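J.: Dropping a structure here in structure tokens format, bear with me for questions.
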Amino acid sequence: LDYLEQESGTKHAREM
Amino acid sequence: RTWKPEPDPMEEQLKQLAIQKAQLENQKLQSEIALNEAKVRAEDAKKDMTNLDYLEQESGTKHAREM
């Protein structure tokens with residue numbers, strides 16, 4: 001899950 | 001002639017417990033193989049995460065997201 005979120009930019013999107 | 005060798009309760013049981021022990025040992029080995037496979041999968045996931053972190057750092061994606 002952490003790899004998919006990092007690859008898809010979901011973490012970056014949620015950071016903003 | 002009419003002599004039936006009496007069975008020994010103890011010596012009887014012990015054998016049943018030894019059979020149970022053998023079965024339990026086989027199940028223990030199976031569980032150990034399962035655990036080793038699970039650890040292999042976990043290490044593969046960690047390797048994938050490390051590869052992702054290396055690619056992001058090399059390509060500057062981390063720097064881009066930092067801004």
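Order determines the names: the first chain of the structure tokens is A, the second B, and so forth; residues in each chain are numbered 1 upward, and ligands are numbered 1 upward as they are shown.
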Would you give me, as a count of residues only, the residues of chain B that come within 12 Å of chain A, using only C-alpha atoms?

T.: 20

J.: How many Å lie between CA of residue 35 (chain B) and CA of residue 17 (chain B), rounded to one decimal?

T.: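 Between CA of residue 35 (chain B) and CA of residue 17 (chain B) the gap is 26.3 Å.
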